[PDB]
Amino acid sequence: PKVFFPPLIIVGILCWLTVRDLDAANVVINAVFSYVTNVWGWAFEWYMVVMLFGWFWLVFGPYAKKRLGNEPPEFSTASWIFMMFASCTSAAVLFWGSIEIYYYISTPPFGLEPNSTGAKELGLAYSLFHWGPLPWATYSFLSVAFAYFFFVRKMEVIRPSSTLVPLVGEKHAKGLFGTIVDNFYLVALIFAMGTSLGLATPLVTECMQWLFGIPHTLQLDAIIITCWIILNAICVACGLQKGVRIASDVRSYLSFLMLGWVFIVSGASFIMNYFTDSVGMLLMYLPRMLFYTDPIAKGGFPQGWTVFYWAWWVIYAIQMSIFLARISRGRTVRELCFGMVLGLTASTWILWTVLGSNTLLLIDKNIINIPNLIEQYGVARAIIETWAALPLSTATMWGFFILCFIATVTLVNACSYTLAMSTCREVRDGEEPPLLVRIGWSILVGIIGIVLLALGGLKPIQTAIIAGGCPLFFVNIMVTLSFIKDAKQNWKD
């Protein structure tokens, strides 16, 4: 209703208004980045620092030690920690967990010389930063919030974000404020779903030139994305999880077998060392990476990575918190705070150290002095060469195509559901109306997906997330303030 159409038009105007002119599009998107980034980047860091302090308070202060709800944990502790370990479902992870370290060593932070021994020493470590405990802790607050809104303050938070900012909401969030926030939210949240898409596709697509060599061309990106949505509409068409249940159970079965594979093959001893050293590098540099900013040098690093990644982390905040909340009925506040960081950091670290060491090795020993060169056709390209360069370069590259495919096939569905529930009747779940609704936003996510690929930079996707979280930085501080002042007076049994 008041949240349905607003996105719809805002995207649409942005679309054939982008599709009309990409040479001019790629100059606005380009200037907004170097605006929001250079001018307001510090805000994004301070945000995460504050949310990080959040985690300490949540752990050591008042509402720690206090049963986040009724008695009974719906899942066992280990089932819980694993439920988190396995929750990663995105393929943009395999993208970034592949070239990230390459970009770190080619343009280092800290004025270290490109490709130097030192540059390489900080590579994995900066992954361990960007994807370790810190960012995962910045979820604890909005988690313990959205979980308190659920199991102690039995006020089931209807999907939109507004349905929980009355406790702060001066101008009743059931009105305009709440609505102009929920679509502000939804818009970035779709753009992000569009950014995952417009990364996950080229990986599958390029994987395809390793299957009797079907080409990659935008057209082919364009075909496989719609080939998604159809296979995903005709998946909703009838009711039975005899496929989509076991799908996820494979996507995680395969991913751990594939990373186990890269781990073992890449050399266990090397990684066990490079990890160890990178921890100490991380710990050493942690305060410097947090507040790493427009140096007087003006290199653009943290601006390019930290600030961009953090916007992204901002966008999927509450979202990931509803999830973490919904699987944590019985837990203490402190339990969640620990459990999630342990569980999530474990899955995220293994990923980037494994895939990213393997990349560093390749770049280092002259085995595919390609990334640098291969950027003369495709980033996405290099990333699969990174897979390619491995033992049994067939069974892997297949494992990589399938795991990479049925990963994004599960993404398209779960976040068209999440996207439908946010514009629907309150009462139950996917009842009578939730139909051509889900199947339509599929088309919408996907069409922004190619829109970006048409523009073809990394910027198009970078600015997309940045502009996204910019708003949702506020939306987040709100949901969390809203939570405190409630809980504040509404606890102390």
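The first residue of the sequence shown is number 1, and the count goes up from there.
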Review point. Averaged over C-alpha atoms, is the B-factor higher for 240 to 248 or for 295 to 303 in this PDB entry?
Key: 240 to 248
Review point. Comparing 341 to 349 with 207 to 215, which stretch shows the greater average C-alpha B-factor in the deposited entry?
Key: 207 to 215
Review point. Which one of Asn115, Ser266, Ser269, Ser416 shows the top CA temperature factor in the record?
Key: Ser416
Practice item. Report the third (lowest, middle or highest) to which the CA temperature factor of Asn183 belongs, ranking only the modelled residues of the same chain. Key: middle
Practice item. Give the position of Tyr47 by CA B-factor within its chain, expressed as the lowest, middle or highest third. Key: lowest
Review point. What third of the chain, by the recorded C-alpha B-factor, contains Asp364?
Key: middle
Check your understanding: So where's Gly41 on the chain's Cα temperature factor ranking, which third?
Key -> lowest
Point to revise | Third of chain Cα B-factors occupied by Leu68 | key: highest
